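J.:
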Amino acid sequence: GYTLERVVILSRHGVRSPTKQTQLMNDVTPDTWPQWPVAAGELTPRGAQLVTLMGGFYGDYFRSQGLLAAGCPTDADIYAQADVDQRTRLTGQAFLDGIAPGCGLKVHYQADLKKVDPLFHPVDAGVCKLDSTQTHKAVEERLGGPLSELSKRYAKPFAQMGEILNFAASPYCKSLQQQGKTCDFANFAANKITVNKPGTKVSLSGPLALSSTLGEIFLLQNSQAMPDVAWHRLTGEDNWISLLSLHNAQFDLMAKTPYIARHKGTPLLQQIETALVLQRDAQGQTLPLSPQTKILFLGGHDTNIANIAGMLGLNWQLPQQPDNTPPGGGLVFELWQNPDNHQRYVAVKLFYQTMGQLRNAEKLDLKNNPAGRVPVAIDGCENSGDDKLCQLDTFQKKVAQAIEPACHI
Numbered sequence: 009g010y011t012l013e014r015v016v017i018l019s020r021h022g023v024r025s026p027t028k029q030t031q032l033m034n035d036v037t038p039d040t041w042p043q044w045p046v047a048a049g050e051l052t053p054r055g056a057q058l059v060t061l062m063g064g065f066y067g068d069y070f071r072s073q074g075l076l077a078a079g080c081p082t083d084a085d086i087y088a089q090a091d092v093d094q095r096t097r098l099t100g101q102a103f104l105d106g107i108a109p110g111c112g113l114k115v116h117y118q119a120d121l122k123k124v125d126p127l128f129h130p131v132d133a134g135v136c137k138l139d140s141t142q143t144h145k146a147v148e149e150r151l152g153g154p155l156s157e158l159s160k161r162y163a164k165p166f167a168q169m170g171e172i173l174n175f176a177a178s179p180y181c182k183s184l185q186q187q188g189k190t191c192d193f194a195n196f197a198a199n200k201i202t203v204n205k206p207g208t209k210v211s212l213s214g215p216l217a218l219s220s221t222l223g224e225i226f227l228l229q230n231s232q233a234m235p236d237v238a239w240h241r242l243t244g245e246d247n248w249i250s251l252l253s254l255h256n257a258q259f260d261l262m263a264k265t266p267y268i269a270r271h272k273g274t275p276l277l278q279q280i281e282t283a284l285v286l287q288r289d290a291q292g293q294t295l296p297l298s299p300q301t302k303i304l305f306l307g308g309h310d311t312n313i314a315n316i317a318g319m320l321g322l323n324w325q326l327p328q329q330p331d332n333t334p335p336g337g338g339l340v341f342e343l344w345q346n347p348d349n350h351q352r353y354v355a356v357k358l359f360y361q362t363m364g365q366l367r368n369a370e371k372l373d374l375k376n377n378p379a380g381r382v383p384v385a386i387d388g389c390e391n392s393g394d395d396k397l398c399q400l401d402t403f404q405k406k407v408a409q410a411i412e413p414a415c416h417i
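Mature numbering (1 follows the signal peptide of the UniProt record, and there is no 0) puts the first residue of the sequence shown at 9, with every later residue one more than the last.
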């Protein structure tokens, strides 16, 4: 077919413990949240193992495509840059361990682990600011109305989440009833967006935000192979899809909303595009990539993937993976060249482990049990053929149009 020339993987970190267990998260259920074997927000050992399995699949796939030779690549061939978080650094390392076992590759990352990496969090870092009014306006435009619409749009998932929590028996519900309120989970509080004064943080609070977090946690519990997921009250693929639709909706609103996405994702989009075509001195190419670079692995977060998706108009649904930005899942950019006419193409795929592949820690390979690999259509691109190929020149213009120039690094 075509020749796979270069790949950039924007990977979410692997399975992690919840980053935060708020009073609200405790109060919305009478049940006890299962504890995790690692500190909050850290990649679990099982998370690492799953990422390594995924790295083995990547290795299998890229070698089958001739992009990697057999044997050990070097940093010249494969570069893994991770965010400063432990979860992303170890995800990058687990990726290298799986794609190149015994090859001594080491994940790279900003040396100062104490500060945000502006590649992964430019807004947090202060590279550019979100305007509160534009942010509220952009999110509502994205939603098609004010956040109060969410309780109607997601009434069934919200009710489902309330049932899974046994919200009606929760301390939060008794507090609501104390105040003469009903225990309508969808409306236990207002959905509020808060941009802090400096414009470096945007927060969603309220039922959607909480439900996004809780749904993700259930999925992480499930992905961790925990024995009790959601107190055994969450089973069935559609129920998983439905419940996680709250999470995906939250990520759509708070990370895919182009205004937000372009401010938070511009350095990553520029890093992805410049690494993909290997324009090593281009703006936004921040890494010491070798001219021989075949794979750039970016160890980031679900928000990063969603920001990129928002910037490029990417929308997907993953068979057997209700989280659109699943643990260890990678937004994979592939540079293809048609040997017959030398036309070059960009393909975007979401590589991911299904729920079962995660939960059962299944060995991934090409013939028996591949990772999921969902082609993703790009706004403004040719989206040609079943794999939604974009002509390279078209992809580069789309990237140039999607970036917020004030947000580059």
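Positions of the beta carbon are idealized from the N, C-alpha and C atoms, including for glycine.
Would you list the one or two residues that DSSP bridges to residue 353?
T.: 344 and 399
J.: Hey, could you find the ends of the alpha helix (DSSP H) residue 162 is sitting in?
T.: Element bounds for residue 162: n/a, residue is neither H nor E.
J.: With DSSP as the reference, label residue 212 as helix, strand or coil.
T.: strand
J.: So residue 78 is in the beta strand (DSSP E); what residue range does that whole segment cover?
T.: Counting along the chain, residue 78 falls outside any beta strand (DSSP E), and DSSP gives it neither H nor E.
J.: Alpha carbons only, please: which of 291, 269 and 388 is nearest the one belonging to residue 146?
T.: 269
J.: Which ranges would you report for the beta strand (DSSP E) in the segment 199-251 if only whole runs of at least 3 residues count?
T.: 200-203 and 210-213
J.: So the beta strand (DSSP E) residue 381 belongs to, where does it begin and stop?
T.: Segment 380-383, the beta strand (DSSP E) holding residue 381.
J.: Counting beta carbon pairs with one atom in the segment 335-349 and one in the segment 15-29, are three or more of them shorter than 8 Å?
T.: yes
J.: Would you check if the segment 267-286 and the segment 101-115 touch, i.e. whether three or more CB-CB distances between them fall below 8 Å?
T.: no
J.: With residue 20 as the anchor, note down where its beta strand (DSSP E) starts and where it stops.
T.: Membership of residue 20 in the beta strand (DSSP E) is indicated by the continuous run 11-20.
J.: For residue 309 and residue 128, which I take to be in contact (beta-carbon distance under 8 Å), what is that distance rounded to the nearest angstrom?
T.: 7 Å
J.: Could you check how far apart the C-beta atoms of residue 282 and residue 293 are, in whole angstroms? I think they sit under 8 Å.
T.: 4 Å
J.: Taking just the CA atoms, how far does residue 236 sit from residue 42?
T.: Note on geometry: alpha-carbon atoms of residue 42 and residue 236 lie some 8 Å from one another.
J.: Alpha carbons only, please: which of 116, 133 and 152 is nearest the one belonging to residue 123?
T.: 133
J.: Measure the CB-CB distance between residue 67 and residue 22 and report whether it falls below 8 Å.
T.: no
J.: Can a CB atom of chain C be found closer than 8 Å to the CB of residue 72?
T.: This model lacks chain C altogether, as it is built from one protein chain only.
J.: Quick check on residue 271: does DSSP put it in helix, strand or coil?
T.: helix
J.: Might you give, ordered along the chain, the residues of its own chain that have their beta carbon closer than 8 Å to the beta carbon of residue 48, omitting 5 neighbours on each side?
T.: 25, 26, 27, 28 and 29
J.: In whole angstroms, give me the CA-to-CA distance for residue 209 and residue 245.
T.: 34 Å
J.: Which whole-angstrom value describes the C-beta separation of residue 227 and residue 330, a residue pair presumed to lie in contact below a C-beta threshold of 8 Å?
T.: So it is a contact: roughly 7 Å between Cβ atoms.
J.: Could you say if the segment 252-261 and the segment 165-182 meet the contact criterion of at least three C-beta pairs nearer than 8 Å?
T.: yes
J.: Using three-state DSSP, classify residue 24 as helix, strand or coil.
T.: strand
J.: Cβ atoms of residue 216 and residue 258: under 8 Å apart, would you say?
T.: yes
J.: Throw me the rounded Cβ distance for the residue 51 and residue 94 pair, which I believe falls under 8 Å.
T.: The Cβ separation is near 7 Å, so the contact holds.
J.: Can you have a look at residue 149 and say buried or exposed, based on whether 16 or more other CB atoms are within 10 angstroms of its CB?
T.: exposed
J.: If you run the structure through DSSP and keep just helix, strand and coil, what is residue 263?
T.: helix
J.: What does DSSP give as the partner residue(s) for residue 303 in the beta ladder?
T.: 15 and 86
J.: Using 10 angstroms around the beta-carbon of residue 64, count the other beta-carbons present and answer buried if the total reaches 16, otherwise exposed.
T.: buried
J.: Please list the segments of the alpha helix (DSSP H) lying wholly inside the segment 98-140, counting only runs of 4 or more residues, in order along the chain.
T.: 130-133
J.: Are residue 140 and residue 203 closer than 8 Å when you measure CB to CB?
T.: yes
J.: Could you give the distance in angstroms between the alpha-carbon of residue 70 and the alpha-carbon of residue 380?
T.: 15 Å
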